[PDB]
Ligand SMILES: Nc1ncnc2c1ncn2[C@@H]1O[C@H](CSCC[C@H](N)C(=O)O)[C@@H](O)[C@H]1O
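Coming up is one lone chain in structure tokens, specifically the form solved without the ligand.
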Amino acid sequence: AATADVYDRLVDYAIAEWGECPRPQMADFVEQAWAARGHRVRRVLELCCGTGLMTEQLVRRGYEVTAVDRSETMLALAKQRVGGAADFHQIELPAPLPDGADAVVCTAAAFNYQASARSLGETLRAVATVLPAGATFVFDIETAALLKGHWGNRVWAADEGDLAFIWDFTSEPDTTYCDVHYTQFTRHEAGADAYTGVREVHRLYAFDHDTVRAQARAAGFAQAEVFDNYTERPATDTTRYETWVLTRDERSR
């Protein structure tokens, strides 16, 4: 199976070659966003924690983290990296979320897995249900220009000893989604170079600003600010990763 070290080196490659934001900078921007808007944040809910790179940052910085993810195998890599300092649960969005969080975060472009705009709105509604008025929800999504391949084709691979992995991001010109073709080779026995191949395919969807703003406004986030990859500069046509900062409306409005 793909260890946490291989996933980390995939993130390192996305930072160097694909313009992805390093995880310490994500947590820095997220902490600074909370303080700059007058938010006393102690408890944080993290949607789709993955292997726990963002979870590890939030725990080192002294937050009471609750991390959820649909994949049980990804949670095992997250509990090993962080430990018992964070609460881990298995939740596939959209689904009812736990209460008690001062802020909600969802990094690593996990929201691109939402199959449709309705599913995106249903997930945003589940977040607004557990957020008090004024609390923030910060997430990032890859843009259509990135998913279409305007900055080149994204592909990476790692040749470990008994394991080998290939991530091929393909984009058809007639669709608005990107298909991630994941290939895994596993050495049968220690000596012979015979391998077993396993292939999985996942789909990443794009959402324009009108859809994100309409679904967020319908879920109870009338205020939606979009930034360029965890910085203070605005989102432009050259933006590959958009950082959205939503603020929960007043329930009396």
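Heads up: residue numbers just count along the shown sequence, starting at 1. Throughout, rigid core stands for the largest set of C-alpha atoms superposing within 1.5 Å between the two forms.
Below: the form solved in complex with the ligand, not depicted.
Q: Within 4.5 Å, heavy atoms only, which of 71, 175, 170, 80 is in contact with the ligand in the deposited bound form?
A: Looking at the other structure, the residue within range turns out to be 71.
Q: Let me know the one among 147, 126, 104, 110 whose heavy atoms come within 4.5 Å of the ligand in the deposited bound form, would you?
A: Selected option: 110.
Q: Report yes if any heavy atom of residue 92 sits within 4.5 Å of a heavy atom of the ligand in the deposited bound form; otherwise report no.
A: Residue 92: contacts the ligand in the deposited bound form.
Q: Are any of the heavy atoms in residue 53 no more than 4.5 Å from a heavy atom of the ligand in the deposited bound form?
A: Contact check for residue 53: yes, within 4.5 Å of the ligand in the deposited bound form.
Q: Does at least one non-hydrogen atom of residue 65 fall within 4.5 angstroms of the ligand in the deposited bound form?
A: Taking the distances in the deposited bound form, the answer for residue 65 is no, it never comes within 4.5 Å of the ligand.
Q: Would residue 216 sit within 4.5 Å of the ligand in the deposited bound form, counting heavy atoms only?
A: Judged by the heavy-atom cut-off of 4.5 Å, residue 216 is well away from the ligand in the deposited bound form.
Q: Heavy atoms, 4.5 Å, the ligand in the deposited bound form: which of 217 to 225, 40 to 48, 184 to 192, 27 to 35 makes the cut? Say which one.
A: In the other structure, the partner sits against 40 to 48.
Q: With the partner left out here, if you bring back the ligand in the deposited bound form, are 136, 207 and 240 all within 4.5 Å of it by some heavy atom?
A: No: none of 136, 207 and 240 comes within 4.5 Å of the ligand in the deposited bound form.
Q: Considering only 114 to 128, what residues come within 4.5 Å of the ligand in the deposited bound form, judged by heavy atoms?
A: The stretch 114 to 128, when checked against the ligand in the deposited bound form, contributes only 114 at the 4.5 Å heavy-atom cut-off.
Q: After fitting the rigid core, tell me which of 117, 91, 157, 76 has its Cα displaced by at least 2 Å between the shown form and the other one.
A: Only 157 moves by 2 Å or more at its C-alpha.
Q: So with the core overlaid, does the Cα of residue 210 end up 2 Å or more away between the shown form and the other one?
A: Residue 210 C-alpha, core-superposed: shift of less than 2 Å.
Q: Comparing between the shown form and the other one on the rigid core, is the C-alpha shift at residue 60 2 Å or larger?
A: Superposed on the core, residue 60 moves its C-alpha less than 2 Å between the shown form and the other one.
Q: Using a superposition on the rigid core, decide whether the Cα position of residue 170 changes by 2 angstroms or more between the shown form and the other one.
A: Result for residue 170: yes, a 2 Å-plus shift.
Q: Quick one: in the deposited bound form, is the Cα gap between residue 204 and residue 152 smaller or bigger than here? Answer closer or farther; it shifts by 3 Å or more.
A: Relative to this form, closer in the deposited bound form.
Q: Please say whether the CA atoms of residue 55 and residue 154 come closer or move farther apart in the deposited bound form, knowing the change relative to this form is 3 Å or more.
A: Compared with the shown chain, residue 55-residue 154 is farther in the deposited bound form.
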